[PDB]
C-alpha cells in the first residue's frame, strides 16, 4: 500500500515536494516508501510534520492508522473484511499490541477461526466483537507474563 505515499497523498503532498523541502534524496525517499512504520525515525516524523502542518504526534497517529488498515491484524483482517465489520477502538488496540510484540522480537502467531467460521452464529457482529476482545485479552496476558 506504501505507507509514506498514502500519508502524503492524504494531504495532497508528494515525495517530490518532501525531497525539495528537506534535501533528502529521491531514492532515499523511494526507499522510505517501502519501509514498515517500525523503521521510521523521529527525524522523518519531524520532516512530515514540517511539510504537512500536523504535530509530530498527529503525524505518527495518521501513519499508525494507515498501517493498521493494511495490517493482517494477526488474522482478524480476514474476519473483518469477510463479515464487513468495523470496531475502530478495538482494532487499533489489537494493532498496537501486535506492534509491541514485534518491537520486542516476539512472534505473534495468527489467530485462526475455522471452528468459528464453520458454526452458526446468533449475532455475527456481536460474536466477532467478542472474538476480538478475547484476542486483545490474550495478548495483554501474554505481555504481562513478560513484565
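Numbering follows the first chain given and starts at 1.
Per the PDB record, of the two stretches 116-124 and 30-38, 116-124 carries the greater mean B-factor over its C-alpha atoms. 20-28 and 127-135 differ in mean CA B-factor, and the higher of the two is recorded for 20-28. The PDB entry gives the largest Cα B-factor of the residues 63, 45, 109, 54 to 109. Ranked by C-alpha B-factor against the other modelled residues of its chain, residue 68 falls in the lowest third. For residue 58, the recorded CA B-factor ranks within the middle third of the chain. Only modelled residues enter the ranking. Compared with the other modelled residues of the chain, the Cα B-factor recorded for residue 82 ranks in the highest third.
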